[PDB]
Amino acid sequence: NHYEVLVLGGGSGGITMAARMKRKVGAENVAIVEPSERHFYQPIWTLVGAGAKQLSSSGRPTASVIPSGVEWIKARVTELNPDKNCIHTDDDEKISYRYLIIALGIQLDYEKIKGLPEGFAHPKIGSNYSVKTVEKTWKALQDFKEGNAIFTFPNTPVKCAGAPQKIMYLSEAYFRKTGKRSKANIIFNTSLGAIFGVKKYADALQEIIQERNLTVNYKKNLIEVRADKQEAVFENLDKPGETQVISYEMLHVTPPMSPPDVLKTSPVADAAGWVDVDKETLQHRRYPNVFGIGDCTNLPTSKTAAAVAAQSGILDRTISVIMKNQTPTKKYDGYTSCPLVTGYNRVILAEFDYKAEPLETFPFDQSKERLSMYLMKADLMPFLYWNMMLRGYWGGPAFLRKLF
């Protein structure tokens, strides 16, 4: 079998590109290889675990988001042979392509922590990063009575770097408005030395932490979970060899993450396993008919759906000129955004580019907690996601930004 355009991955980047590609080469010349039955708008999972949104609202059947006419090949990619323009699937089938677009996302690795994912079968522990553990966050919050509440951040790349602390501010506000704050010691144990990588939003988060009696312990990485005993083990990344066992009344886990297994050894990967693409055009550095988008690439900016949206716009142009034997000229800037939920009524909308410097859209100031930015995150963006991005029409708010 053969397709002018073969898309690996039916998540955010995959559907968006197949939508856009259908209009360029025809729906009958595009195929998507995606194994899962459901497609998830993962960003709302932060609010699900805080008890603010229902989980079933976050997903729809994968057949709903397939652009009509585009082939859904429900399989797992198990091998890439770009030298001979094909891939293999766990159906023992070989698929050739004229062009290839890789959008396989990022892989969660709960089992590299001793005791996970088995311990998740016990109470008081949860994780907003997986459809099987996001509601367990919310139950741990309701079931909280007295003690330590621990929020973690791993020593790997992650998607939505702001999410692990978003649920901490949500959990804090929950304990206050429910009469349990006095009984909570609230701890952010993070592998990093900084609360956030862009200083003007870091400063604003530092302010909140200082006023709400939250503790941040830097260079602490979760390595072991003893669910039965309600204990967690951290290693001190500043003192190799040193560890600390902490008891918890509630534990929220951000798991270690890595590029998908089939990409780790693939020829399309760099040394570290991410898809090796041009940092501006998103074309593969060694295979001119391969392209990458989203979490699975080595694009040196934060891994978010916003970035996918802005990346799709650029890639649409790059593949088009390539198909026409022209040199690309439109360049990606590293745009990305984190809507930092600081409470049930407020969001700090951080936006920046490759320069790790702010690049805000709205003329007011997004360093300050805002109801409008909360309502945008909670209500508008899911709507634009299902009805505009996955239909290949949203490509970054730079065209909206330059209006004002």
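Don't overthink the numbering: it's just position in the shown sequence, from 1. Superpose the two forms; the largest set of C-alphas matching within 1.5 Å is the rigid core.
- Between 239-247 and 291-299, the larger mean CA deviation from the shown form in 5 other deposited structures of this protein, after core superposition, belongs to 239-247.
- For the pair 54-62 and 355-363, the mean B factor over Cα atoms is greater in 355-363.
- When the two stretches 233-241 and 206-214 are set side by side, the higher mean Cα temperature factor goes to 206-214.
- Across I223, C296, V321, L100, the greatest Cα temperature factor reported in the deposited entry is at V321.
- Set against one another, the Cα B-factors of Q283, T190, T89, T301 in the record reach their highest point at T89.
- Per the PDB record, residue ranking by Cα B-factor puts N345 in the highest third of the chain.
- When all modelled residues of the chain are sorted by CA temperature factor, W138 is found within the highest third.
- In the PDB entry, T327 places in the highest third of its chain by CA B-factor.
- Compared with the other modelled residues of the chain, the Cα B-factor recorded for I73 ranks in the highest third.
- In the deposited entry, the Cα temperature factor of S127 places it in the middle third of its chain's modelled residues.
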